[PDB]
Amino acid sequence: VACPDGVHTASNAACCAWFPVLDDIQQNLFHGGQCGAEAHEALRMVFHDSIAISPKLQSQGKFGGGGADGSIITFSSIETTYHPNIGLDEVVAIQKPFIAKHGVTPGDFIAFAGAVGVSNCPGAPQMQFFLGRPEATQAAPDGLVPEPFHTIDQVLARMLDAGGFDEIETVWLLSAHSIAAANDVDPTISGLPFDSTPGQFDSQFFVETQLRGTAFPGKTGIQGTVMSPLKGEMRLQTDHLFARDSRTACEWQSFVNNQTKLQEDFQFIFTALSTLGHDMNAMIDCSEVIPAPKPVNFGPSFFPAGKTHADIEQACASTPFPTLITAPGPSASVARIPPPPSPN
């Protein structure tokens, strides 16, 4: 169908209005389509907005939250005070102007920006975008977003309540930490990545969390973190535990050297996550507006410079960690990703 603008075409008229939002954010939020601080922040926003849903609280007569309803923006003055949501007050502040200019809901904007932000990362899957998330009525309660100091059992339970995500699917979701940094965990350094390739959607996160830890990247012993294997890299205690837990270890290892599996799983689970609190069959598929992802321009998984197969703590009992190629050069260090400055 021809859009009213005379310029675009869409298989559903409701999709028309997203073309202008795409051009605006590619240019002004992601600074020319980068997989940078803003793209990583857009993906974290999808998770903090979406997982705040609890059939278990609902069943007890309590509001368990609306899932993917943009409540983190509409009710940011409540929701960004929660400890799991640290730093999102500034992310809301960067995203607000775009929502206002385009007259779209905060919920649909979050899912759209998260999908477009991921597509800018080499190795990303083709991302989907389902449309139809009315404004939130109420703020989600606290206690719904997982913390890096929670036990594996506590995280697995929350995930299963929120969305019926088992432990296999939870491992797939954590693929998101392959394009991510920590700005607010270590008070002395902001922008410490979780893998040595925060600008690439790959399996380095799955390789590097399996290495033995040798030091804290900044301030020593922060709760929710453990020693990481590389200077400049942060390791969260949960990611450390998932890589070594008997229920999840082999799934964790399965992404090592399997970019195809990584893409397929994440493409699926991201659609599941972004539509929590809604009926997908009642939403409009505007996936056609999301651009083709940046192509892979990297080889197979590797051991960072200075590390060998001997540095691997094997945890998958049925399958031994593969013997990967070591990167060239001097012992690896990871460069920081400085966060955006306050607003515009």
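One rule holds for the numbers: they count along the sequence shown, beginning at 1.
Asker: Mean C-alpha B factor from the entry: is it higher for 224 to 232 or for 113 to 121?
Answerer: Averaged over C-alpha atoms, the B-factors run higher in 224 to 232.
Asker: Taking the mean of the C-alpha B-factors per stretch from the entry, tell me the winner out of 102 to 110 and 184 to 192.
Answerer: Mean B over CA atoms: larger for 184 to 192.
Asker: If you check the C-alpha B-factor for each of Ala310, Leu43, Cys35, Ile53 in the entry, which is highest?
Answerer: Comparing C-alpha B-factors across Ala310, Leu43, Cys35, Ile53, the maximum falls on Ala310.
Asker: Highest Cα B-factor in the deposition, which of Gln138, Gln200, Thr209, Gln259?
Answerer: Max CA B-factor in the entry, restricted to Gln138, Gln200, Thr209, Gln259: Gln138.
Asker: By the recorded C-alpha temperature factor, relative to the other modelled residues in its chain, which third is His48 in?
Answerer: Its C-alpha B-factor, which the entry lists for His48, ranks in the lowest third among residues of this chain.
Asker: With respect to C-alpha B-factor, does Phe216 fall in the lowest, middle or highest third of the chain as deposited?
Answerer: It falls in the top third of the chain.
Asker: For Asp245, does the deposited CA B-factor place it in the lowest, middle or highest third of the chain?
Answerer: As the PDB entry reports it, the C-alpha B-factor of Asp245 lands in the highest third of its chain.
Asker: Name the third of the chain's ranked CA B-factors that contains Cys15, choosing lowest, middle or highest.
Answerer: CA B-factor rank for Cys15: middle third.
Asker: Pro300's Cα B-factor: lowest, middle or highest third of the chain?
Answerer: Highest third of the chain for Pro300's C-alpha B-factor.
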